[PDB]
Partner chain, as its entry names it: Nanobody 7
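Single chain ahead, written as structure tokens, the form solved without its partner chain.
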């Protein structure tokens, strides 16, 4: 038999281990030769594994690199302009590497050049609420200051945006042990914690879905017209650089001015966490000076695209994609995911060699330049947008397979909730203490739904990975799954060695998953999802699950608005249309479900498969959200305050956010009303796609 069990049993922990080792011996930074060589290797192997075609799709996109002969660093400078302290020029390499070349030093990708000097202000996590506290409550002015912010809580590009709008002239990001050092575990190489010399790389763009900064809307192909740098999308206007906590301690220890406003502003270092501005009495005349010399450069990137043609519906695509480019060795991010995808391709190819083909076409992607802003996936989707929006069934992402060893973490469209529950009930739990129990059982026990008893937590999709263009721009049903930790307040912060030189094969093999059983479990979840999507006769989506969450999101946004009852009275702000639409959606979805259960007729089936495929597509508004034209889904967008987090009813959410501070309340509440209309209309229009067609 060639069924899902055949597929799942063919997957081997030992193969994933071998591939992980193979993918993590040298750095694979986007735009470098080593990363092109790995692309060619994967293309060759996917051919050998049995795919019908495997091609490289290349693009020429804006990337950013430090200057090898003019290093970035930060100084404390004295009255005379003597640099009395300098931050490190590189992370101490881990054991046995120390002679690896081409390890890119820590830098903030896309920082402009500059040598700003000034007084420090400490801004906690540099969140919107942190700046509100500084400016509104503490009356501290960041204008012309260098801000220092700890990593964690929100995407770093939002920190930099917030610092810019506060008038900062530079930003220093650092890793506090409060957020990157788990109590009781040892620093790398003796455990999985971040050493004091470790630093988190990462880009600081605010692309809002655009892809390559120079070519928003269109692929960066050979004849592309590029914007000038001054009109590029998303580039920061002030210099930015990341440091480790040994260096941060040196910059923070002398800080003066106001005390931290409360304990949620204090990290774990032995410093006061004074907000500043500037240093205490004796050092009041010393300044901080940044030296940033990185350059932005148009550089070729390569996606590997493999096709397994469907036997029955070859013009319906189920896509499994994850990136290949890494900051350094990519031991977790992304190669723990890429190794899982490699083993999935191998298993599918095994079945194919025995004469099986999936019902629908499966596309496999190894994306490039994810680390520089989701560039590879976005440019490819821009190139192929018409094929994807008329043929795309679903997209399953496959970045890091593990960020912990505790339990499963899933974010996906409501359309896939039932599929995930059903699949996980059929898979074995890899967890100690749940031998012979299902993954569904361990996951539900360890990560209970906050709404429903006996169900696991599944979160909304946000952004910060390659599914963004598929879901938020194109409206293709998307999902992602991995193994995670038990550390709730660190949900968006990353594991301690995130984007550091210390993320190596050895990290994974010694400390995360020595048996590769969690990798195997994740391969079964991702692969199992792809198998069901590409093989089930009726697409495995339950429209009724969308109706349940739409009501939850409508209650939530109504509750936010109802914080302002006098204004809702004055401006006649009614949510009645949105609740009406959600009611209608619930009723129509129930009737559609009955018909779907009640029909030998392939035209009726496909008609109904097309209704299921196009339902996520119906939540797309071609006009986009306000000032964010590439975020087009009306139900979900990346939060405007934190790209990683999803926000529901984002148009209405942002119209309500901080509304009590707007100078013209009539205009502000008018825009809330406009967003309620758009949302109600889109929900009703999506409902109507599920009605009888004629």
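Residue numbers count along the first chain shown, from 1.
Unshown form solved in complex with its partner chain; subsequent notes refer to it.
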property: Proximity to its partner chain in the entry with it bound (heavy atom, within 4.5 Å), stretch among 295 to 303, 547 to 555, 108 to 116, 511 to 519; result: 547 to 555
property: Residue 664: touches its partner chain in the entry with it bound, heavy atom cutoff 4.5 angstroms; result: no
property: Proximity of residue 579 to its partner chain in the entry with it bound, heavy atoms at 4.5 Å; result: yes
property: Distance check, residue 559 to its partner chain in the entry with it bound, heavy atom within 4.5 Å; result: yes
property: is_contact(residue 564, its partner chain) in the entry with it bound, heavy atom dist at most 4.5 Å; result: yes
property: 451, 137, 262, 435 - the one with a heavy atom within 4.5 Å of its partner chain in the entry with it bound; result: 451
property: Heavy atom within 4.5 Å of its partner chain in the entry with it bound - the one residue of 627, 48, 660, 33 that qualifies; result: 660
property: Residues within stretch 428 to 443 having a non-hydrogen atom within 4.5 Å of its partner chain in the entry with it bound; result: none
